[PDB]
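Visitor: Take this structure, written in structure tokens, and hold onto it; I'll ask about it next.
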Amino acid sequence: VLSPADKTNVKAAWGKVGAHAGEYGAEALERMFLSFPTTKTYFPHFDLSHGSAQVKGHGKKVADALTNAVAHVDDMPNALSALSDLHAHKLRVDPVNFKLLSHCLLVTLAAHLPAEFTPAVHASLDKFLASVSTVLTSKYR
Amino acid sequence: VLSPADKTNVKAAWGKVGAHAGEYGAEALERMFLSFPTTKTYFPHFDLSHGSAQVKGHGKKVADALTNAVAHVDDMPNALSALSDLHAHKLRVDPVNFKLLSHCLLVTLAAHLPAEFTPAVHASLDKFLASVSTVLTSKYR
Amino acid sequence: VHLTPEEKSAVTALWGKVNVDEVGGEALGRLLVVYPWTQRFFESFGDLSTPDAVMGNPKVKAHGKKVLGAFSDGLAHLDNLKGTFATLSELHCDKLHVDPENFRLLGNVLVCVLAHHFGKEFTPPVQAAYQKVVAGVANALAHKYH
Amino acid sequence: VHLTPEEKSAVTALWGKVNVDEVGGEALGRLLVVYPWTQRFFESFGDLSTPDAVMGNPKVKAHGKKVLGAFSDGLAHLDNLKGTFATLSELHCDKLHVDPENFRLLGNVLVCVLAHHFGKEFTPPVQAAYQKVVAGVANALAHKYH
Ligand code: HEM
Ligand code: HEM
Ligand code: HEM
Ligand code: HEM
């Protein structure tokens, strides 16, 4: 469960990201595709090279979904219900892959937030991304 | 979430187990120590010999906890609260290990339930053991 | 992986009694029932909408027999699994786009099918030997991914 | 494991700029804060009750120096990491009773620390090379657990 301090920490860190949210989403995807090549099996129709239009567009959508989750942190199951239906019934991404994107989102934030990425904020962000991942896999069977 | 069909399948299968529950808990533990040797790091204070009295005693405690969970399947977070406290604050077993014991319990049931272990009952039992494991790790951080 | 002489004897003794046709069909069918997201690769196979539809589907049965036949051939090469499966690994990555976590899920279902069929004969030491084998085969099929 | 000559080169170039004593204390401390069940091995270290109590604990800082020192020495010997870390694998299994999942958790925290320190210099290709490194070291430390 996310504590009051966890929610404060997540809102402060994502607030500092601000207008850079979309750029950071695309960078996290690129980091995932290079570090964990098995994740590329889900995008056989994409150009996956650095700077590709398809990766830029997808990164913006991922970022905007995270912004919505932060805004609705008290009730994420209801805020993310349509997105959890899409992953369970159509996309059918194996649940193991959500931890890989989560780690790459953390590494991206660490590389861009020298002052804000403290040990306490790191812990809270890891809990938050695990909770998002759990909602997105909750309807698979 | 566990469906009405899942709950009916789990009650029927665990009922057929009956008075063998304890014997089956000890067998599942031995299957885990042999198949997944990293799990032995949690039991250096035990004699792990085949037929060990300490393994038999621990198998009975694990099986009795499962029986309680089946009886209170409509509210497992409350039924398992004391056991979830113990694992989070004292024992501190890494969360990756719960899937390993879950698999070995499923294999033990398969070896003992020829008529009952249909494809649908296999699916329901896998979901049930994953739900118990989620409750037992819910207070870790 | 590396098996002991005792583990190798246990694997070969049990496999000589396996009906590869039946066990292959049963293992692939239970993968699609228990982990239903794995149906994503099998759009062309027809009705997969209930447990009985999946288990009785002729295309599911034929593909399970094919997959388990290749697994069977690999058991003659236990000290060289990565070399044995290299061409197949390449194919599953480049042509079929199959996430290798699927091979680990199939290995676990196969262990459950062997236990269901053999009962008390599938002892804890026999299971441990088979766990080493399915982990080795999954790792070999994952090895050429890029 | 399967580092390319240009990746080996990128690992060594970055590591030449690292203060091993400092990064080691920081990585072990963050492990114990982010994944607090890992504190189970360290009851003798005293106060671990808050993030600041962990990060500034003198016994935590001293152990992090020892652990990352041994990691640093191994980066010089990339052809056979299993052989290089064999003595330490045997110790962690037979004397210390440490689940190897702990090595994988520490690897991911180390990658986070390297990104936090270097910023834009820790590029996506550099991260991919370090992911191979930390996986290789964790697999080597896990190897003697039989
Ligand atoms: C933090 C976790 C994740 C979030 C917030 C997320 C969010 C999203 C969103 C917002 C979309 C667009 C839906 C639309 O078209 O309106 C999408 C699509 C998609 N996602 Fe997820 N996702 C996550 C994890 C993953 C992972 C781990 C994978 C696979 C490695 C994945 C694979 C896909 C694929 C293949 C699509 C369709 C892309 C296309 O064809 O344009 N997702 N996701
Ligand atoms: C289905 C999952 C599990 C259940 C239902 C369960 C249940 C229990 C129970 C009932 C006890 C005894 C509490 C008492 O009366 O003192 C116990 C203790 C313990 N458990 Fe868990 N457990 C599970 C998973 C695990 C796993 C996966 C591990 C490690 C691989 C583990 C390691 C331990 C240890 C080391 C003890 C203390 C044993 C002793 O010293 O006697 N447990 N557990
Ligand atoms: C023991 C593990 C496995 C082995 C040894 C294996 C082997 C094979 C073989 C020999 C073929 C025929 C290749 C050819 O055209 O020459 C094949 C095809 C295929 N396999 Fe695998 N396989 C395994 C696991 C899986 C899993 C778990 C899945 C997905 C859930 C999968 C998906 C496919 C698909 C989609 C095809 C093409 C089917 C068709 O078009 O008829 N395989 N496999
Ligand atoms: C990069 C991975 C690691 C390396 C290279 C490493 C290396 C070492 C070394 C060199 C020692 C001193 C050994 C001696 O006395 O000869 C040691 C001790 C020890 N390590 Fe590891 N280690 C690693 C990860 C870990 C992790 C993740 C944990 C647990 C969270 C751990 C737990 C311990 C413990 C409990 C001791 C004994 C400390 C004491 O005396 O109280 N190690 N390690």
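As shown in the structure tokens, the chain order sets the letters A, B, ...; within each chain, residues go from 1, and ligands are also counted from 1 in the order they appear.
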So that I can see what lies close to residue 120 (chain B), please list as a list in words the residues with an atom at most 12 Å from it, counting only C-alpha atoms and leaving out residues fewer than 5 positions away in the same chain.

Guide: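 Within the cut-off, the hits are residues 141 of chain A; 5, 6, 7, 8, 9, 10, 13, 125, 126 and 127 of chain B; 29, 30, 31, 32, 33, 34, 35, 36, 50, 51, 52, 54 and 55 of chain C.
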
Visitor: Taking only C-alpha atoms and all ligand atoms and a cut-off of 6 Å, can you tell me which residues surround ligand 1, written as a PDB file with N, CA, C and O atoms, in the first residue's frame?

Guide:
```pdb
ATOM      1  N   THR A  39      12.054  -7.746 -25.055  1.00  0.00           N
ATOM      2  CA  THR A  39      10.896  -6.836 -25.086  1.00  0.00           C
ATOM      3  C   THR A  39      10.527  -6.382 -26.517  1.00  0.00           C
ATOM      4  O   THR A  39       9.373  -5.989 -26.766  1.00  0.00           O
ATOM      5  N   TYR A  42       7.343  -7.585 -28.923  1.00  0.00           N
ATOM      6  CA  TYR A  42       6.005  -6.983 -28.889  1.00  0.00           C
ATOM      7  C   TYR A  42       5.816  -5.834 -29.895  1.00  0.00           C
ATOM      8  O   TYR A  42       4.687  -5.342 -30.059  1.00  0.00           O
ATOM      9  N   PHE A  43       6.914  -5.415 -30.553  1.00  0.00           N
ATOM     10  CA  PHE A  43       6.892  -4.285 -31.496  1.00  0.00           C
ATOM     11  C   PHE A  43       7.501  -4.653 -32.873  1.00  0.00           C
ATOM     12  O   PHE A  43       8.361  -3.922 -33.393  1.00  0.00           O
ATOM     13  N   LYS A  61       2.388   8.695 -25.055  1.00  0.00           N
ATOM     14  CA  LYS A  61       1.204   8.014 -24.500  1.00  0.00           C
ATOM     15  C   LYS A  61       1.461   7.339 -23.136  1.00  0.00           C
ATOM     16  O   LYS A  61       0.632   7.445 -22.221  1.00  0.00           O
ATOM     17  N   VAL A  62       2.616   6.672 -23.008  1.00  0.00           N
ATOM     18  CA  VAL A  62       3.006   6.049 -21.724  1.00  0.00           C
ATOM     19  C   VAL A  62       3.140   7.104 -20.611  1.00  0.00           C
ATOM     20  O   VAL A  62       2.622   6.944 -19.509  1.00  0.00           O
ATOM     21  N   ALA A  65      -0.267   8.498 -19.467  1.00  0.00           N
ATOM     22  CA  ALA A  65      -0.935   7.532 -18.594  1.00  0.00           C
ATOM     23  C   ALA A  65      -0.380   7.581 -17.154  1.00  0.00           C
ATOM     24  O   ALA A  65      -1.140   7.496 -16.190  1.00  0.00           O
ATOM     25  N   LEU A  66       0.941   7.748 -17.018  1.00  0.00           N
ATOM     26  CA  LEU A  66       1.560   7.914 -15.697  1.00  0.00           C
ATOM     27  C   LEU A  66       1.120   9.216 -15.008  1.00  0.00           C
ATOM     28  O   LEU A  66       0.836   9.216 -13.818  1.00  0.00           O
ATOM     29  N   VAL A  93       0.695  -8.820 -23.330  1.00  0.00           N
ATOM     30  CA  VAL A  93       2.109  -8.744 -22.930  1.00  0.00           C
ATOM     31  C   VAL A  93       2.378  -9.600 -21.686  1.00  0.00           C
ATOM     32  O   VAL A  93       1.702  -9.421 -20.649  1.00  0.00           O
ATOM     33  N   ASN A  97       7.374  -8.615 -18.116  1.00  0.00           N
ATOM     34  CA  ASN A  97       7.953  -7.448 -18.805  1.00  0.00           C
ATOM     35  C   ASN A  97       7.691  -6.110 -18.113  1.00  0.00           C
ATOM     36  O   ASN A  97       8.454  -5.139 -18.325  1.00  0.00           O
ATOM     37  N   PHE A  98       6.654  -6.044 -17.261  1.00  0.00           N
ATOM     38  CA  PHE A  98       6.307  -4.786 -16.576  1.00  0.00           C
ATOM     39  C   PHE A  98       7.416  -4.338 -15.583  1.00  0.00           C
ATOM     40  O   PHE A  98       7.708  -3.140 -15.484  1.00  0.00           O
ATOM     41  N   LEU A 101      10.282  -2.524 -17.813  1.00  0.00           N
ATOM     42  CA  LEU A 101       9.982  -1.109 -18.091  1.00  0.00           C
ATOM     43  C   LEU A 101      10.060  -0.253 -16.830  1.00  0.00           C
ATOM     44  O   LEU A 101      10.602   0.876 -16.884  1.00  0.00           O
ATOM     45  N   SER A 133       1.872  -1.423 -12.324  1.00  0.00           N
ATOM     46  CA  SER A 133       2.072  -2.695 -13.039  1.00  0.00           C
ATOM     47  C   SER A 133       1.050  -3.774 -12.606  1.00  0.00           C
ATOM     48  O   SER A 133       0.504  -4.517 -13.444  1.00  0.00           O
TER      49      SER A 133
END
```

Visitor: Set the cut-off to 9 Å, count only C-alpha atoms and all ligand atoms, and list whatever residues fall near ligand 3 as a PyMOL selection string.

Guide: chain C and resi 28+31-32+37-42+44+59+63-64+66-72+74+85+88-89+91-92+95-107+134+137-138+141

Visitor: Write a file of the selected residues as a short mmCIF file (atom, residue, chain, number, x, y, z; two decimals), in the first residue's frame, keeping C-alpha atoms.

Guide:
```cif
data_model
loop_
_atom_site.label_atom_id
_atom_site.label_comp_id
_atom_site.auth_asym_id
_atom_site.auth_seq_id
_atom_site.Cartn_x
_atom_site.Cartn_y
_atom_site.Cartn_z
CA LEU C 28 0.24 -27.26 -25.10
CA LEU C 31 -0.59 -23.78 -21.42
CA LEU C 32 -3.45 -22.10 -23.37
CA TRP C 37 -2.61 -14.70 -22.87
CA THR C 38 -0.43 -17.33 -24.70
CA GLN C 39 -3.34 -17.78 -27.19
CA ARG C 40 -2.01 -14.58 -28.96
CA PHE C 41 0.22 -16.73 -31.25
CA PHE C 42 -2.59 -19.08 -32.39
CA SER C 44 -5.43 -19.17 -37.09
CA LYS C 59 -4.40 -27.95 -34.58
CA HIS C 63 1.41 -28.57 -32.78
CA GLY C 64 1.92 -30.04 -29.28
CA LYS C 66 5.57 -31.36 -33.10
CA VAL C 67 7.00 -29.25 -30.22
CA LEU C 68 7.44 -32.26 -27.90
CA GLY C 69 9.10 -34.26 -30.71
CA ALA C 70 11.84 -31.60 -30.98
CA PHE C 71 12.18 -31.62 -27.15
CA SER C 72 12.55 -35.46 -27.28
CA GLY C 74 17.21 -32.78 -27.61
CA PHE C 85 18.72 -25.53 -30.24
CA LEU C 88 15.39 -22.98 -33.56
CA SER C 89 16.21 -20.06 -31.20
CA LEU C 91 13.73 -18.82 -35.86
CA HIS C 92 11.52 -18.10 -32.80
CA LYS C 95 10.36 -15.02 -37.76
CA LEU C 96 7.86 -15.90 -35.00
CA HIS C 97 8.45 -13.03 -32.49
CA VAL C 98 7.80 -15.31 -29.44
CA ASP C 99 8.80 -13.88 -25.97
CA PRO C 100 11.06 -16.59 -24.33
CA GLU C 101 9.08 -16.42 -21.04
CA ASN C 102 6.62 -18.65 -22.99
CA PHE C 103 9.24 -21.49 -22.99
CA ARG C 104 9.56 -21.29 -19.15
CA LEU C 105 5.74 -21.45 -18.73
CA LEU C 106 5.56 -24.53 -21.04
CA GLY C 107 8.31 -26.26 -19.03
CA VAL C 134 13.24 -27.84 -18.79
CA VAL C 137 15.91 -26.20 -22.83
CA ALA C 138 14.21 -22.82 -22.13
CA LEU C 141 15.82 -21.51 -26.90
#
```

Visitor: Compute the chain C side of the contact with chain B at 6 Å, counting only C-alpha atoms, and hand it back as number ranges by chain.

Guide: C: 30, 34, 112, 115-116, 119, 124, 128

Visitor: Define the interface residues of chain C facing chain D as those within 12 Å, counting only C-alpha atoms, and report them as a list in words.

Guide: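 Using only C-alpha atoms, chain C residues at most 12 Å from chain D: residues 1, 2, 3, 4, 128, 132, 143, 144 and 146 of chain C.
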
Visitor: Tell me as a ChimeraX atom specification which residues belonging to chain A come within 8 Å of chain B, counting only C-alpha atoms.

Guide: /A:1,138-139

Visitor: Let's have chain C fitted on chain D; use all the C-alpha atoms paired in order for the least-squares step and return it as a compact mmCIF listing (two decimals) with C-alpha atoms, in the first residue's frame.

Guide:
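Below you can see out-v8.txt, which holds the result:
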```
# COMPACT_ATOMS: atom_id res chain seq x y z
CA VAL C 1 27.74 -13.67 -20.62
CA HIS C 2 30.01 -12.34 -23.39
CA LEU C 3 30.70 -8.62 -24.03
CA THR C 4 31.60 -7.11 -27.45
CA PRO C 5 34.82 -5.08 -27.88
CA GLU C 6 32.69 -1.89 -27.84
CA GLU C 7 30.90 -2.97 -24.62
CA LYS C 8 34.30 -3.74 -22.94
CA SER C 9 35.71 -0.27 -23.81
CA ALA C 10 32.59 1.43 -22.41
CA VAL C 11 32.85 -0.49 -19.08
CA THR C 12 36.56 0.30 -18.52
CA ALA C 13 36.31 4.00 -19.53
CA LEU C 14 33.53 4.70 -17.01
CA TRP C 15 35.06 2.59 -14.19
CA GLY C 16 38.32 4.60 -14.29
CA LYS C 17 36.26 7.58 -13.04
CA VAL C 18 34.40 5.69 -10.25
CA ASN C 19 34.94 6.44 -6.54
CA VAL C 20 34.58 2.84 -5.28
CA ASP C 21 34.28 4.02 -1.61
CA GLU C 22 31.30 6.36 -2.24
CA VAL C 23 29.50 4.15 -4.81
CA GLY C 24 29.84 1.00 -2.62
CA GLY C 25 28.38 2.68 0.47
CA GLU C 26 25.54 4.21 -1.54
CA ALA C 27 24.62 0.94 -3.32
CA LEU C 28 24.47 -1.21 -0.15
CA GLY C 29 22.55 1.50 1.74
CA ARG C 30 19.91 1.89 -1.01
CA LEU C 31 19.49 -1.98 -1.14
CA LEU C 32 18.53 -1.91 2.58
CA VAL C 33 16.16 1.13 2.17
CA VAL C 34 14.37 0.11 -1.09
CA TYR C 35 14.12 -3.72 -0.37
CA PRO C 36 14.02 -3.67 3.46
CA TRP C 37 13.73 -7.48 3.88
CA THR C 38 17.49 -7.61 2.95
CA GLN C 39 18.25 -6.19 6.45
CA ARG C 40 17.84 -9.82 7.76
CA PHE C 41 21.60 -10.46 7.26
CA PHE C 42 22.76 -7.36 9.19
CA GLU C 43 21.29 -7.71 12.77
CA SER C 44 24.74 -6.90 14.30
CA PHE C 45 25.14 -3.56 12.44
CA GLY C 46 23.00 -1.46 14.83
CA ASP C 47 20.43 1.21 13.87
CA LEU C 48 18.78 0.50 10.47
CA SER C 49 15.37 2.07 11.29
CA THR C 50 15.21 5.18 8.99
CA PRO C 51 16.81 6.08 5.59
CA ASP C 52 19.37 8.46 7.22
CA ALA C 53 20.27 5.88 9.92
CA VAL C 54 20.98 3.27 7.18
CA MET C 55 22.94 5.59 4.81
CA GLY C 56 25.12 6.99 7.63
CA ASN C 57 25.77 3.70 9.50
CA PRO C 58 29.60 3.15 9.61
CA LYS C 59 29.22 -0.65 9.28
CA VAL C 60 26.98 -0.29 6.17
CA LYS C 61 29.56 2.03 4.57
CA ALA C 62 32.52 -0.27 5.40
CA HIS C 63 30.76 -3.41 4.04
CA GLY C 64 29.65 -1.62 0.84
CA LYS C 65 33.27 -0.57 0.16
CA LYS C 66 34.43 -4.23 0.72
CA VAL C 67 31.76 -5.74 -1.60
CA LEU C 68 32.38 -3.21 -4.39
CA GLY C 69 36.17 -3.73 -4.11
CA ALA C 70 35.70 -7.44 -4.93
CA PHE C 71 33.36 -6.47 -7.82
CA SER C 72 36.09 -4.06 -9.11
CA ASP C 73 38.76 -6.80 -9.10
CA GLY C 74 36.41 -9.05 -11.14
CA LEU C 75 36.27 -6.53 -14.01
CA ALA C 76 39.81 -7.61 -14.99
CA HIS C 77 38.44 -11.12 -15.71
CA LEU C 78 35.31 -10.57 -17.89
CA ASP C 79 35.81 -13.76 -19.98
CA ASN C 80 36.12 -15.91 -16.77
CA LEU C 81 33.60 -14.68 -14.16
CA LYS C 82 32.52 -18.14 -12.94
CA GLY C 83 36.11 -19.22 -12.17
CA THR C 84 36.99 -15.82 -10.61
CA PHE C 85 34.01 -15.90 -8.15
CA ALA C 86 33.85 -19.67 -7.40
CA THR C 87 35.44 -19.50 -3.91
CA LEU C 88 33.19 -16.56 -2.90
CA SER C 89 30.08 -18.41 -4.21
CA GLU C 90 30.95 -21.39 -2.04
CA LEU C 91 31.31 -19.12 1.01
CA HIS C 92 27.98 -17.26 0.54
CA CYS C 93 26.15 -20.66 0.27
CA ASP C 94 27.86 -22.77 2.98
CA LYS C 95 28.74 -20.20 5.67
CA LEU C 96 26.53 -17.12 5.12
CA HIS C 97 23.27 -18.73 3.83
CA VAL C 98 22.52 -15.78 1.46
CA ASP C 99 19.74 -16.36 -1.18
CA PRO C 100 21.33 -15.42 -4.61
CA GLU C 101 18.30 -13.24 -5.56
CA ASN C 102 20.03 -10.70 -3.25
CA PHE C 103 22.92 -10.39 -5.80
CA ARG C 104 20.42 -9.56 -8.62
CA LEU C 105 18.74 -6.86 -6.46
CA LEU C 106 22.17 -5.30 -5.65
CA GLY C 107 23.08 -5.24 -9.36
CA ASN C 108 19.92 -3.26 -10.21
CA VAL C 109 20.54 -0.75 -7.38
CA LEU C 110 24.18 -0.30 -8.56
CA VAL C 111 22.95 0.61 -12.11
CA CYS C 112 20.60 3.24 -10.51
CA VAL C 113 23.54 4.71 -8.46
CA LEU C 114 25.80 5.01 -11.56
CA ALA C 115 22.98 6.79 -13.49
CA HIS C 116 22.35 9.19 -10.54
CA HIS C 117 26.09 10.10 -10.29
CA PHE C 118 27.00 10.39 -14.01
CA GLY C 119 23.76 11.82 -15.49
CA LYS C 120 23.77 12.23 -19.32
CA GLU C 121 27.21 10.47 -19.48
CA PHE C 122 25.45 7.15 -18.52
CA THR C 123 23.96 6.72 -22.04
CA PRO C 124 21.66 3.84 -23.17
CA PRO C 125 24.63 1.88 -24.76
CA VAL C 126 26.77 2.36 -21.57
CA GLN C 127 23.84 1.08 -19.41
CA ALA C 128 23.43 -1.98 -21.69
CA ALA C 129 27.10 -2.96 -21.18
CA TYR C 130 26.75 -2.59 -17.35
CA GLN C 131 23.53 -4.70 -17.42
CA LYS C 132 25.48 -7.57 -19.01
CA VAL C 133 28.21 -7.22 -16.31
CA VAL C 134 25.91 -7.24 -13.22
CA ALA C 135 23.92 -10.21 -14.62
CA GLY C 136 27.23 -12.07 -15.19
CA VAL C 137 28.52 -11.34 -11.67
CA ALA C 138 25.20 -12.40 -10.04
CA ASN C 139 25.17 -15.65 -12.07
CA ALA C 140 28.81 -16.40 -11.10
CA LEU C 141 28.08 -15.82 -7.39
CA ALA C 142 25.03 -18.16 -7.66
CA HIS C 143 26.87 -20.95 -9.52
CA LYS C 144 28.27 -23.10 -6.62
CA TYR C 145 24.94 -23.29 -4.68
CA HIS C 146 23.93 -26.86 -3.78
```

Visitor: Hey, which of B:92, B:58, B:16, B:99 ends up closest to ligand 4? Count only C-alpha atoms and all ligand atoms.

Guide: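 The shortest atom-to-atom distance to ligand 4 comes from B:92.
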